[PDB]
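The structure under discussion appears below in the form of structure tokens.
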Amino acid sequence: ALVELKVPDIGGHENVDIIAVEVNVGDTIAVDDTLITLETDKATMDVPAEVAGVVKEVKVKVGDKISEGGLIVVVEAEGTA
């Protein structure tokens, strides 16, 4: 159950400054919704979300560095109320 996002394919590898952040834990998410937009020194990546529930955690923003697969945001996925 639940899910844990992960840094996209910015191209480089680790220590990559994010470019977009739209998650504060609590917002709904579907199986197709841009979560963020990252970039390093080759290209600008992003994540179209991959779940269907609510976020619990959040490890990303605008100004910090990240690395491919570093646990960004966790969700409930296929959750009910």
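Only four residue types carry charge here, +1 at the Cβ of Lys and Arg and -1 at the Cβ of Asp and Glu. Report the dipole size of the chain about the Cα centre in Debye, rounded to the nearest 20.
Dipole size: approximately 200 debye.
Hey, what do the phi angles of region 15-29 turn into as Karplus ³J(HN,Hα) couplings, whole Hz, using 6.51/-1.76/1.60 and θ = phi - 60°, x for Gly and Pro?
With the stated coefficients, region 15-29 comes to 6, 10, 5, 4, 10, 8, 9, 9, 9, 10, 6, x, 7, 6, 9 Hz.
Give the Cα extents of the chain along the principal axes, in whole Å, largest first.
Answer, in whole Å and largest first: 42, 18, 17 Å.
Between residue 57 and residue 9, what length in nm is gained on full extension when 0.36 nm per residue of separation is reduced by their alpha carbon distance?
Computed gain between residue 57 and residue 9 is 15.2 nm.
List every residue whose amide H lies under 5 Å from the amide H of residue 19, counting only residues 5 or more places away in sequence or on a different chain, with H placed 1.01 Å from N in the peptide plane.
37, 38, 39
Name the residues whose placed amide hydrogens come within less than 5 Å of the amide hydrogen of residue 54, ignoring near sequence neighbours (fewer than 5 apart) on the same chain.
76, 77, 79
If you restrict to DSSP beta bridges whose two residues both lie in the chain, what percentage is antiparallel, to the nearest 5?
Of all bridge pairs located within the chain, approximately 95 percent are antiparallel.
Read-outs: derived from the displayed coordinates by stated rules, not from any lab. In this analysis, Cβ positions are derived from the backbone assuming ideal geometry, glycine residues included, and neighbour counts consider all displayed protein chains.
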